[PDB]
Every structure is written in structure tokens, then in C-alpha cells.
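Consider the single chain below, provided in C-alpha cells and representing the form deposited in one PDB entry.
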């Protein structure tokens, strides 16, 4: 068990899938390098920047309480109890940043609403979370999957992919995502050959059995995926084992992640993926690349990350001059949303501070007893330009506390020796794509 507790005048809770789900029985597995560690560090980086900002919360130091979810909603609920213990060692929590997986964000939201704690997700896209009658303290820097499903149905309609197979991860992301896709597909006269579900529970079929079901309909060469990152790897690995070749059309769960395709680049060649439209935070790259196990002792998972990333041991022995750089690192696509989520919470607290304490820069008596209801409704639904790092760059929430439906379309290609994801299109309300730039496995 591990955590990050940095004391401050106001403390922000944080939830990241630092570790994957453990195999068989174990709660926690391997370190999730890109969607775990990087995202965690993007929150720490944003907190550091805000604490250096003389225009945003001067006189109010932001502390943190960051916990691992181990990519499980059950594990995340146990961890989330620590954020509410001080309302029932435990510190008071102003707001919560996370989680990543929609199921954990849902579980956490069910608990947090009972303590009027505002919650901002930087990656949870389930349309379920747009229900304000149920998730009254929830907001997100990301859009609902109502739009991603539409974007995917429009891609198939554009290429006349009228007879397709679907595979979905069981849970809050995959099931509602594919249900939304199936409605949009039907409105566009797109038929579904087979609809498979994957996941761990006793009711699911094997990944090899799912691949066998996909090959049983050779007519459907395009497979639409609304799946989790961990489930996506298992499916590809299964496709690779039986040398199954399909044109994968995948949601943000896969996105532009190299971890899903490393080792099985052949079986995933020509894949079309979506990811939320984002731009890299250049200052984060500088910050992340400067981290090493000798200077980073506030992150208790950093040593495990380092040993996994570089295939090492401390006390092959880890070389002292090992460094995170452009040769072994790429900024995770949703980092922009993590920084924006921390900044959204900061801007809402600054505005409440300037309203309730006009006489000081400090946490006045009128603000010591924080009103989560008012913080959420009267402040958090605000407006700001993307955090002192950016060249619609405004951070805001709609009536439902959601971000804007903007996606980038990617194609898994070879470029020039190196396998990568090339941006080949965009979706904002309509689909735009550069068809000539796409490589489909073998030509077409």
C-alpha cells in the first residue's frame, strides 16, 4: 500500500491507475507507464506550477492526496474512503482529480456526492456520467462517448463499411459506448455481424474464443472496438496468436498507445483509432524528462516504474545515467486534460477565495468551512485559457459538466522503419479525413 500526501492550505485528491489489474487474484500488477505514472506526474507538475503562480491562488498553497486505483473500481472505492474519513492522519479534501476508467469514476462519484466533494475526471468518457441527477458533483475535461460513437459510425459510413463486427469491454465504458455506436450505425444502415464482449468476470468468453467468433464471419473484415486499454492488449495478443487479420476501428481506450501494439505490430497494421483532440504540454515534457529515482522521492511508485521501464534492479543493475528522453518517451495524449482538470479546480477555488476573502490572499474564516455544493455549482462551472502553456483553447464545462466532442483520427503505420500512429483526420461535429495518407495493412 502506497500514497502521496503533500500538506497544503487546501488539499486535492487524486486517483490514477498507477498499476494494471493483477493476474488471477492479486489486486495490483505491472506499472501502467503512460496512463498511470505520466498522468500522476502531470498532476504533480500542475500543482507545482500553480504553487509558483502569483496570479492563481497566491497565499493559498495546494497540497495533494494521490492514490492508486490498480485499474479496479473495487480497489478505488477502498482508496476513496481515505478522502472522506476526515469528514466521518486523514486530511480534509477540497476536490478530487480522477479517475481514468469510467467504472472507477462512477464508484468514486457515488461516494463523493454524499460528502459534497467536487470531482473532475481527465479521462472518463462514459455517457452515464453526464446524468446530473445521479452524478451531481461530477465534472470532466473530456466529452461523453455519445460523440465518439457518432464519430466512429461516420468513419464506417464514409468507407461504406456496412457489415462490421463489434467487440466491447464489459463495464461502464465499453457497454454504453458500443450501445451508442449500435444506434448511430443503425441510423446509417450499418449492420452488426457479431457483437462480442470481453472482460474478466465468470460470464465472459476467452479472448481466443472471441477471435474465433470474429473469424466465423469472414464477410466482416472491419472490427469496431469499444474497449479498455488492458482488454485491447489481450484481444490483439489473441489475434496475433491465431494470425487473425482485421481492420480495427478502435475508441480512445486504444487511442494512440504504443503499449497496445508493441510485440504485435503486424496484426494491428492499418488500424484506425480515435483519441480526444489534444496538444502536448511542452513544459510537462521538460519536467518529466528531468525525473529520475535520485531526485523523485515524493512518488513512491517511481522506483518500480524505473525498474520496469529500463529492465533494472537497484539494491542487471540500473545504470546511474539512465534518463527519460525523446528516444524512450512520448507524452501521453490525455496529459493536457490532467493539467486542465487540476487548473479547473484551482481557478474555481481562486474565484471563491476572491469572493469570500476580498481583504486577503489567505484562507479567511468565511472559507475555512468549505461549501462543496456552492464550490461545484457557483464556481467550478467557469472559463479560462489553457494553463500558461498553449499557442478553442478555453477550459469550460457545459450544463452537464462535460468537455467538447472533438476527436483526432489516427492510422497505425510504418512511416520509415519505425511503427507509429499518424493523424489522418478530425471530428468536431462533422468528419474530416485525409484518405490518401492512410495505409491499410496491404495497400487497400
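Shifts are known only where both forms have a C-alpha. Think of the rigid core as the biggest set of C-alphas that the two forms share within 1.5 Å after superposition. Residue numbers count along the first chain shown, from 1.
One more form of this protein exists, namely the form deposited in another entry; it is left out here, but the text below deals with it.
Relative to the superposed core, residue 382 undergoes a C-alpha shift of no less than 2 Å between this form and the one not shown.
Once the rigid core is overlaid between this form and the one not shown, residue 209 counts among the residues whose Cα shifts by 2 Å or more. Inter-residue distance, residue 78 to residue 229 (Cα): increased by at least 3 Å in the other form versus the depicted form. CA of residue 376 to CA of residue 383: closer by 3 Å or more in the other form than in the shown form. In sequence order, the runs of at least 3 consecutive residues whose Cα atoms each shift by 2 Å or more between this form and the one not shown, relative to the superposed core, are 86-88, 147-199, 203-275, 382-388, 404-413, 420-436.
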